[PDB]
Structure formats: structure tokens, C-alpha cells
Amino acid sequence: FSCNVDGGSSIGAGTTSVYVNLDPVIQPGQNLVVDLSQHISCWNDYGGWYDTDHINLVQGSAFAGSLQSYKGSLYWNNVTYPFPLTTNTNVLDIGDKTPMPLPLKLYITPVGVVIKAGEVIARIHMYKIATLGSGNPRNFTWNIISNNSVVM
């Protein structure tokens, strides 16, 4: 099982930064919408749904400390969860060798500068286990970072 970010090097585990582009000005009452499907894609390394991969997001995924007061919802694989995650999410099965954009979006309610360019916004933890043998479990973290400032 592997992923990449913006079509970069392949990632089988560990921590990767994901740089996103945000609306530079938002009004009070407006949320930020971070569509991570535009950035993170994953695939099965055999193809043909051989040794199918089972992927979920993990309880404890959270805002960066500086944004701890913010409110959020996380969309994953057809279901929406409150954020920070207080449960694991549903499982997405991955079996094609062609990269699948992750069905992942973050909606953020800020509670001046809303987001600073270059600062970590959120940390999303992801778990993989496959089907055959031990399933070769792997842990990933996606550290979401803004490319630009957002003001309100």
C-alpha cells in the first residue's frame, strides 16, 4: 500500500506535510473548506484488489495547538465526523493500482489572522491494514499546512 502528495514520492508509512490553498479572506460566519482529495492519493501495490487495503482515520486526529479553540467537521469516505476525532472512522477499501484521491475534506470554523501562511492547521492520523497474512499494518500522519494566510 502506498500514497503520494501532489504526485510526489511514494509513502508507505510515517509523517508527511500536505500544503493546501485556502480562501484568503473569509467573513464572520464562514467556514474554511480544505479538500484533501486534491492532494493525497493512495493505491494498492499489487492491483486487481489482490490483498486489499483497509484504511481508516484515527481517534486523536486534531487541530494544531494554536487552533485548539476552532471547531471542525471531517468528511471521510461518505461520512462526516466532528473534529477532533473522538472515534476512529469507517474503513475505505483500496485495491486498484491506479491512485485514488482520498475522499477526505476538513471544514473549519475559526473561533485578524485566521490562519498564518506556513502554520500547521491539523494533524490527521491514518491506519492501514491489508487482507493477507498479518496485513502488514502501517501508520501515517498527514500534517496539513497552509500555503497562504487567511484573514477575517
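Residue positions are given as counts along the sequence shown, with the first one as 1.
Asker: Check the entry and tell me how many residues of the deposited sequence have no coordinates between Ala117 and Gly118: none, 1 to 3, 4 to 9, or 10 or more.
Answerer: According to the record, the chain runs unbroken from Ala117 to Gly118.
Asker: Higher average CA B factor in the deposited record is what I'm after, so tell me if that's 37-45 or 22-30.
Answerer: If you average the C-alpha B-factors of 37-45 and of 22-30, the larger mean comes out for 22-30.
Asker: Could you settle it for me: does 65-73 or 87-95 have the higher average Cα B factor in the PDB entry?
Answerer: Per the deposited B-factors, the answer is 65-73.
Asker: Could you tell me which one of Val58, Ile121, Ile55, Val113 shows the highest CA temperature factor in the PDB record?
Answerer: The listed residue with the largest C-alpha B-factor is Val113.
Asker: Among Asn136, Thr16, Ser10, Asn139, which residue carries the highest C-alpha B-factor recorded in the PDB entry?
Answerer: Result of the comparison over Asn136, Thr16, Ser10, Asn139: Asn136.
Asker: Lowest, middle or highest third: where is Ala130 by C-alpha B factor in its chain?
Answerer: For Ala130, the deposited C-alpha B-factor lands in the middle third.
Asker: Sort the modelled residues of this chain by their C-alpha B factor and say whether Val151 lands in the lowest, middle or highest third.
Answerer: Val151: CA B-factor falls in the highest third of its chain.
Asker: Name the third of the chain's ranked CA B-factors that contains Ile108, choosing lowest, middle or highest.
Answerer: Middle third, going by the recorded CA B-factors of the chain.
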